[PDB]
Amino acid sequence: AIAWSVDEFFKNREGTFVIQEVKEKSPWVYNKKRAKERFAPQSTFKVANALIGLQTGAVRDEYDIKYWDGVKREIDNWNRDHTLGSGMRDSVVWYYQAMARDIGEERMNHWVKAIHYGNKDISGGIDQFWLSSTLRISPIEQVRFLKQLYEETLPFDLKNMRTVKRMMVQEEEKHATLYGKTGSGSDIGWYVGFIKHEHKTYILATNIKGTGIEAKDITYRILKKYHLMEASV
């Protein structure tokens, strides 16, 4: 067991950290008040959206190419063709919006409810609801959801869970693989995922009043402190 202590990573940010080794009965929580509060998921919803898109056949696989529509969006990297997988890695919102429209409201409602995704409220609009909008999920609920993804107990086909996990690989090291996804917007900063280290796996969520980049940095620093992630040698 790890005697977590993380106060030093939250001196300048209001935030919460939730982490659970998969055999543990309950997560360890820093800032339990915020950990139970629901927040717009921002692009962390891409994890769920990808599962749903694959399950419904809205997209074929991680290599399903969608063509750029020629509309110049504010992030240059968006203004080119993308796949389901590149769209997760680069958080290409328009790709996932197009997929959501194909999934459609009826199927999206069903699946968001089936996976206990926070308040399950998609009424903000089929291509809007996860972006500073109606859908909100707590850090504790992100960990419950991601634990089921890791353990492959969600009501999706195994193949689709395996595909989405491959798309979530963020860091590959000799003795660990970190899986995760950022989210940011409206002063909500997320990093959610799981790290496999040797024969242990830790499911985690970081949520701050700040940005996703900041949340990811805090996460890496915590994982390094406890030797789950290698130092920058």
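Residue indices: 1-based, along the sequence shown.
* **Mean C-alpha temperature factor, higher of 1-9 and 222-230** => Result: 1-9.
* Should the higher mean CA B-factor in the entry be assigned to 27-35 or to 55-63? -> Taking the mean C-alpha B-factor of 27-35 and of 55-63, the larger value falls to 27-35.
* Asked: Based on what the PDB entry reports, which of 81, 127, 141, 105 has the top C-alpha B-factor?
  -> Highest C-alpha B-factor among the listed options: 105.
* Asked: In terms of the CA temperature factor given in the entry, to which third of its chain does residue 101 belong: lowest, middle or highest?
  -> For residue 101, the deposited C-alpha B-factor lands in the middle third.
* Within-chain third of residue 185 by Cα B-factor, per the entry -> Middle third of the chain for residue 185's C-alpha B-factor.
* Asked: Should residue 177 be placed in the lowest, middle or highest third of its chain by the C-alpha B factor in the entry?
  -> As the PDB entry reports it, the C-alpha B-factor of residue 177 lands in the highest third of its chain.
* Ranked C-alpha temperature factor of residue 89 among modelled chain residues, by third -> Tercile = lowest for this residue's CA B-factor.
* What third of its chain's C-alpha B-factors does residue 112 belong to: lowest, middle or highest? -> It belongs to the middle third of the chain when residues are ordered by C-alpha B-factor.
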